[PDB]
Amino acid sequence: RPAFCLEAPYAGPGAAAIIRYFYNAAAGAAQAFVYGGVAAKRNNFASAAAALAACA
């Protein structure tokens, strides 16, 4: 499992309210989070499926 899959989700400083997915390693699950539209980190995916494919 890539190390970035352990990062906490990062909304960043933007003002958009975009639904994105992160891998929650403790939950063994991809979960939705709000991304502000800038300054993304790597644990940040378009869908649950893309999160799981990278990290599960």
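Start at 1 with the first residue shown and count on from there.
- In the deposited entry, the Cα temperature factor of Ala16 sits in the top third of values across the chain's modelled residues.
- Among all modelled residues in this chain, the alpha-carbon of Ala29 has a temperature factor (C-alpha) in the middle third.
- Per the deposited record, the Cα B-factor of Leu6 falls in the highest third when ranked against the other modelled residues of its chain.
- In the deposited entry, the Cα temperature factor of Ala56 places it in the highest third of its chain's modelled residues.
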